[PDB]
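Structure, as structure tokens:
Using ideal geometry, Cβ is built from the backbone for each residue, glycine included, and neighbour counts are taken over all protein chains shown. Read the figures in this text as sums done on the coordinates, not as results from a lab.
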Amino acid sequence: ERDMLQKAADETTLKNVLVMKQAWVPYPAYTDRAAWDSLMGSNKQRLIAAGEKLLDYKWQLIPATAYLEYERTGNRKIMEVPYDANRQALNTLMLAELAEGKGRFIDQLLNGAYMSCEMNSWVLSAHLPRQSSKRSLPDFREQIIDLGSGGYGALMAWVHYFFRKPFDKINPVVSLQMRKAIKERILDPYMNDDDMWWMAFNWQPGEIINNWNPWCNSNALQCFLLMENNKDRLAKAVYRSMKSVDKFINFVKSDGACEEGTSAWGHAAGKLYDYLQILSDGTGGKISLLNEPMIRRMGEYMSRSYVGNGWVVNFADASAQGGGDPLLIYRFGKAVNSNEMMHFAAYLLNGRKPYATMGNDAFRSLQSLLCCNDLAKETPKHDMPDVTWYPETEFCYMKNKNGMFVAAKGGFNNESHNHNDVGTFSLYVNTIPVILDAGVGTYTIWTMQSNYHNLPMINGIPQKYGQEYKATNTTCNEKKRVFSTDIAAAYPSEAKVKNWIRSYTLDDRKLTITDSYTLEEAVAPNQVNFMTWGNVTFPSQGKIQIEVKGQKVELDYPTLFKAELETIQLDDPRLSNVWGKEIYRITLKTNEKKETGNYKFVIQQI
Amino acid sequence: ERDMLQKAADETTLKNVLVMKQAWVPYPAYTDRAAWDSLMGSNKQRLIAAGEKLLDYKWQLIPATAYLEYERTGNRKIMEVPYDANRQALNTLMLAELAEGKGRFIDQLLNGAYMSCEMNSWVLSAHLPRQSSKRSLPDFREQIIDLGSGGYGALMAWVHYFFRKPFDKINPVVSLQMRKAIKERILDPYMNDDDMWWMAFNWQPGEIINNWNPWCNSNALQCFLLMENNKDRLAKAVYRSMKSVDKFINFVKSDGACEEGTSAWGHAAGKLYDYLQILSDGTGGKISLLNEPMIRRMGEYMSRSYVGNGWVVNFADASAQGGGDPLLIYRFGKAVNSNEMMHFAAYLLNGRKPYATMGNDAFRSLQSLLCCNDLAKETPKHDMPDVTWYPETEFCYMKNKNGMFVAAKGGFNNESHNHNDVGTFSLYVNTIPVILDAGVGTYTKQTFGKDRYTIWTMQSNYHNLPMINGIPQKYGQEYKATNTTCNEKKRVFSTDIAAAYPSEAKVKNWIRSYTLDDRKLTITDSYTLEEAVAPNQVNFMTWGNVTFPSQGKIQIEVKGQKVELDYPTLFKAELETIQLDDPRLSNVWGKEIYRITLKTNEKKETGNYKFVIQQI
Ligand SMILES: CC(=O)N[C@@H]1[C@@H](O[C@@H]2O[C@H](C(=O)O)[C@@H](O[C@@H]3O[C@H](CO)[C@@H](O)[C@H](O[C@@H]4O[C@H](C(=O)O)[C@@H](O)[C@H](O)[C@H]4O)[C@H]3NC(C)=O)[C@H](O)[C@H]2O)[C@H](O)[C@@H](CO)O[C@H]1O
Ligand SMILES: CC(=O)N[C@@H]1[C@@H](O[C@@H]2O[C@H](C(=O)O)[C@@H](O[C@@H]3O[C@H](CO)[C@@H](O)[C@H](O[C@@H]4O[C@H](C(=O)O)[C@@H](O)[C@H](O)[C@H]4O)[C@H]3NC(C)=O)[C@H](O)[C@H]2O)[C@H](O)[C@@H](CO)O[C@H]1O
Ligand SMILES: [Zn+2]
Ligand SMILES: [Zn+2]
């Protein structure tokens, strides 16, 4: 219950600071060709070309059966593809006309806008079943908001804002309809409906609040800021958005890790940023959380979690490959004043020249034009501390100067997109995974089990799913580079374990993994596993060797263990696109069976 | 002011006799597969096939720019081509699904209906400028009705009627938006707006009432009969529709003749037929002008006017080639009980088996199913009296047993689609034009307003008529025939054409007369002038192979017909070639036609010309 926006002003003080008549708008007027020439630079001629390709684009109809198919077979893309292609084209066209100025894309901008008003809803088939009727087909009677409708409304607003005057010369009915559509599909349902789930009024513990919230709110706000000119009305809506987005802020951890991973980041924390950007712009700076310590942490997670060459720390159900919108990262950085975020984004360009964000998020596409000539001139470096320690989320990254990076976690077995992986670690060498976390396929799914994480099977028994299957006493020593936790309570009763302390210590030349255990009873041998890939050898007892994408390490293990290599064929292409054909589980097993014991494992380059 | 419908019933009568809950509908229940099979005959398999080809039809969106083009450049097709494709597809899919009844086309029918409700309007871009704002782009705030939307409406309503149960199983919001679309776009504008030009409330002398009136009213009425279940509202809507259509019935001439010719007939008299048929069906037989002799004449006009092998009488700005929807001509014929029209329809089939009417007009399409089996059994015959005389319109048709047909007219030079053509004639031999009426051209700017009569097709000079003292007819109401008679038994048309020429003509009397016997047409002129200024000149339009074997003889051989034209030897005969640049004319006539000019030195205040045409 931080309530940081509610604290930063109430409805009344808000009224005094709001900027009316769209004076907040940081882009030029449409008709100011010289000011658009400056901003655009090298973007101009490409955005044009991108418009030229859409001069004969046929705006795609979305038949009823496409929404019907959601109910029938669950197919989403039959509806989403023509929709999204239409959004993209409108956005592209918007960008092209702002580039060229010479009227040439107005006719198509007008068609797109006119078609969009003809549609019954802007809501996706998959999300329409939240309406009263619970149906997949749009009901003219009722509007709700989902991620799509919000983005659509926002782009229709910007196109209204920029193009009303040449639209009104041609025929003033087109802009009139646009204002009716935005009213009836955004502004009105957003004020009159309390119960939309993502608004998070009526939230009680357990229920989810996620990326929907800053995202939809960010778009709602743009609409209201662009389309609503009555001052009492505006203030009422902007405040309602702040009471909603405070509910997201009071649910995410202060340490500022996105616990779903770096793919979710651009639309979770990245949209919280966009909401706070838009709010600041639209109060001339005076309501801004952009200086808050927690927002900068939420931003820097994207840099921290990025190891290199596309390789990201991929806890829970996430991909080992990933990336980011450099142009967003840069803007997010600058705004919160992270030199690390700003240089990181330039590094992420990988020697490319940055061009304007295309896609369908008009805001981001517009904001991408502002940033361009700054980020083009910023210098590429990914420097960061040897340790990052998220104490609440319980994520720990540690590295050394010879290319070893270790991620470690505690947590609990009901994290977002949970994996049963309390205590697990991942080791990268010069960016390349060597002890890996499998990641996301397209708890009887193997990727989900502790069995296929870097963890023991205590008395032979894996981790159970659940809230109360958890780390105790997770600690990090930031100068020593020691992570430690007690994973015992992640295991069910039959594990019969008082303490099992897993610990990770990175020094400049090796990583030392220790387990240290007290059983209530020795029922069956412990088994310890490691995941890897490439060329795994066993050159002598107590020694595993791994050579992969040019890196070479040795894993020393206790000689009481017999190591085997299990091969895992990846049929699932969402795994085989990352790793390839196959990865291995190493299995360390034994006949020994003691009530109290420990193991020590050492990984180093050779 | 006949007011035939208002006389046949007032609102109070109409309510006692209206049929509610669509019990008037004459087609089987969509569910009654055996009844449809029997009705469908061998239509079933060909309709199912038409539907098969549309199972993946992508419904066309109509972009704003398509509507904007009517204002920018006057282009109609950019908008209408996709619209008509959408309708045809929907109408077809309706027929297919009725035929097959297994639910295979329901998804596409559902798509068509839903897509149509998302459209702002069903009005053609060319007609929208009649809306308040006066623009060609739809305005979500306002609906007017035109030929398109009325048509789109009736189709939607029939789709709703047949397919509601299957639609509701899938998702009941579609049929709901269907009921709302029809209501805002048809039922409410029709009820609430007095001032749509085609309704002709507020009609004043010298304003136009035309096919739009019976056409739109017939479609509005369908929507009301299918969609309005409140009897008080329905009766008020139907009575409104009767008041409106009376204005059309009042406007046309009782003698039956459609004076623009047969090319409007289908959607003029044809659509007045549909409207009475619908109204009859609507009132369980009780309100019906189908027994009215005037309606029967209007139907039979199409029969009498159709000479044969594509050729029709073409006074005024009309095409010498014409045709007919046999299935409609049959239904119209049976309902007014005109054997001539029924036999005619069969003749017009040209040996073809009659299959279901496709297109986009749901009413004709469905009605066609009912009439296919009978029309197939009908014997083809194009018989009719030797003489048909339309006395108000001043059209006279005369024919003999050896293959000659003469059309002649008196009239006035301000008829619909007027040609300066008082007194002219057209001669056909075995259905082939021999002395012709050139007909309709591609429109120019000159076509309308002054300069109309600088276009040759429009002048008496290029019709079958004299130039009195070297002067042709003038445009205008007052320039007209006097003493038009027709002796129906002697086959003699006669008329005084003097008053159709201006002052400069200096003409008291000119009697042009036509006599047909069993072999030859005798054209006679007999004139009295005020002052003989210039010599007279007499013209005849023709085509094919024209020769001049001797003085006072002309031979014409065309499409295997051959005649001789005997003319007073006082005249010097020349042949003017008329090359036809205009495709609209060359597609009927070929490369060229000819005007035979007959010039003289003679000059007198009174005199007398005889001409004779017969087969050789
Ligand atoms: C069916 C349902 O209601 N399920 C909810 C579930 O909702 C689903 O969540 C996803 C999410 O990310 O939260 C949504 O996935 C994203 O939807 C976006 C628009 O529909 C789409 O744009 C995202 O894809 C991205 O596109 C960007 C772009 O616009 O260009 C790219 O920059 C980006 O790289 C790309 O990833 C799409 N994300 C994907 C595919 O990863 C989904 O729409 C939504 O239905 C809720 O989140 C959960 C929470 O409890 O409840 C379920 O029941
Ligand atoms: C622009 C305007 O307002 N003009 C009016 C003028 O109206 C015009 O009248 C035409 C007419 O001949 O009556 C109309 O032409 C018809 O329009 C229909 C839709 O475009 C079309 O269906 C007709 O074509 C026929 O369609 C039938 C069918 O499928 O139902 C078939 O049986 C047939 O094969 C097919 O040829 C079409 N008529 C044609 C081609 O002759 C036109 O829409 C309309 O603009 C008024 O008559 C005058 C008089 O006051 O005023 C003008 O300003
Ligand atoms: Zn995992
Ligand atoms: Zn003519």
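A few notes on this one:
- Distance between the range A:539-606 and the range B:347-426 - C-alpha centres, whole angstrom: 95
- Each residue in A:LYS496, A:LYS480 was given a count of other beta-carbon atoms within 10 angstrom of its own, and listing them fewest first yields A:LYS480, A:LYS496.
- Equivalent ellipsoid, the range B:507-609 (semi-axes from 5 times Cα gyration tensor eigenvalues, Å): 28, 17, 14
- Hydrodynamic analysis of the range A:116-238 uses the Kirkwood radius over alpha carbon pairs. Inserted into Stokes-Einstein at 4 °C and 1.567 mPa s, it gives a translational diffusion coefficient of 85 µm²/s.
- GluC sites (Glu not before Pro), loop per DSSP, at most 15 other Cβ atoms within 10 Å - longest free stretch of chain B: B:2-206
- Pairs of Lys residues in the range B:543-616, spaced 8 or more positions apart or belonging to different chains, with C-alpha separations under 14 angstrom: 4 in total.
- Calculated Rg and Dmax of the range B:211-317 using C-alpha coordinates, Å: 15.1, 50
- Taking the square roots of 5 times each eigenvalue of the Cα gyration tensor of the range A:90-171, largest first, gives ellipsoid semi-axes of 30, 12, 9 Å.
- With contacts taken as Cα pairs under 8 Å at a separation of at least 6 residues, the range B:387-615 carries a relative contact order of 18 percent.
- Take the Cβ atoms of A:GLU521 and A:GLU468, set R0 to 30 Å, and the FRET efficiency comes out at 0.90.
- DSSP H segments from chain B that extend 15 Å or more along their own axis, Cα-based, with Kyte-Doolittle mean of -1.0 or above: B:77-100, B:106-118, B:147-170, B:212-227, B:231-251, B:269-282, B:293-305, B:362-377
- Applying Stokes-Einstein at 10 °C and 1.306 mPa s to the Kirkwood radius of the range B:381-459, computed over alpha-carbon pairs, gives a translational diffusion coefficient of 112 µm² s⁻¹.
- Taken as Cα centroids, the range A:227-259 and the range B:296-311 sit 77 Å apart, rounded to the nearest whole angstrom.
- Normalised by 2.2 N^0.38 Å, where N is the number of residues, the alpha-carbon radius of gyration of chain A equals 1.06.
- Remark: A:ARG240, A:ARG2 ranked as A:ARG2, A:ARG240, counting other beta-carbon atoms within 10 Å and listing the fewest first.
- Cβ-derived FRET efficiency at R0 41 Å, A:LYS21 paired with A:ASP194, nearest 0.05: 0.90
- Coordinate range of the alpha-carbon atoms in the range A:27-193 per principal axis, descending: 51, 31, 26 Å.
- For the range A:503-525 versus the range A:322-340, the gap between their alpha-carbon centres in whole angstrom: 38
- Residue exposure proxy: B:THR600, A:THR567, ordered by other Cβ atoms within 10 angstrom of their Cβ from fewest to most, comes out as A:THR567, B:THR600.
- Largest to smallest principal axis extent of the C-alpha atoms in the range B:308-390, angstrom: 34, 26, 24
- Here the relative contact order of the range A:452-527, from alpha carbon pairs under 8 Å that lie six or more residues apart, stands at 31 percent.
- Reciprocal mean inverse distance between Cα atoms of the range B:1-82 - Kirkwood radius, Å: 18.5
- Counting only Cβ charges, +1 for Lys and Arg and -1 for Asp and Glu, the dipole size of chain B around its Cα centre is about 1020 debye.
- Of the trypsin sites (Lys or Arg not before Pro) found in the range B:355-410, those that fall in a DSSP loop while having at most 14 other beta-carbon atoms within 10 Å are B:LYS381, B:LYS401.
- For B:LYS562 and B:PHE448, the FRET efficiency from 1/(1 + (r/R0)^6), where r spans their Cβ atoms and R0 equals 41 Å, is about 0.55.
- Total formal charge among the other residues, if their Cβ is under 13 angstrom from that of A:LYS247, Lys/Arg +1 and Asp/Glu -1: -2
- Cα-based reach from A:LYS7 at 28 Å (exclusive), listing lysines while leaving out same-chain residues under 8 positions away: A:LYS15, A:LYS21, A:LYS231, A:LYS236, A:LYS243, A:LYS247, A:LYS253, A:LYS271, A:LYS286, A:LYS334
- In chain A, the calculated helix contribution to ellipticity at 222 nm averages -11500 deg cm²/dmol per residue, counting -39,500 (n - 2.57) for every DSSP H run with n ≥ 4.
- For the range A:382-426, the ratio of Cα radius of gyration to the globular rule of thumb 2.2 N^0.38 Å stands at 1.27.
- Charge dipole of the range B:273-331 (Cα centre as origin; +1 on each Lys and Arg Cβ, -1 on each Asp and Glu Cβ, all else neutral): 180 debye, rounded to the nearest 20.
- Distance cut-off 25 Å, percentage of C-alpha pairs in the range B:387-615 lying past it: 38
- Relative contact order of the range A:144-291, defined on C-alpha pairs under 8 angstrom at six or more residues apart (%): 26
- The protein assembly as shown: radius of gyration and largest Cα-Cα distance (Dmax), Å: 43.1, 146
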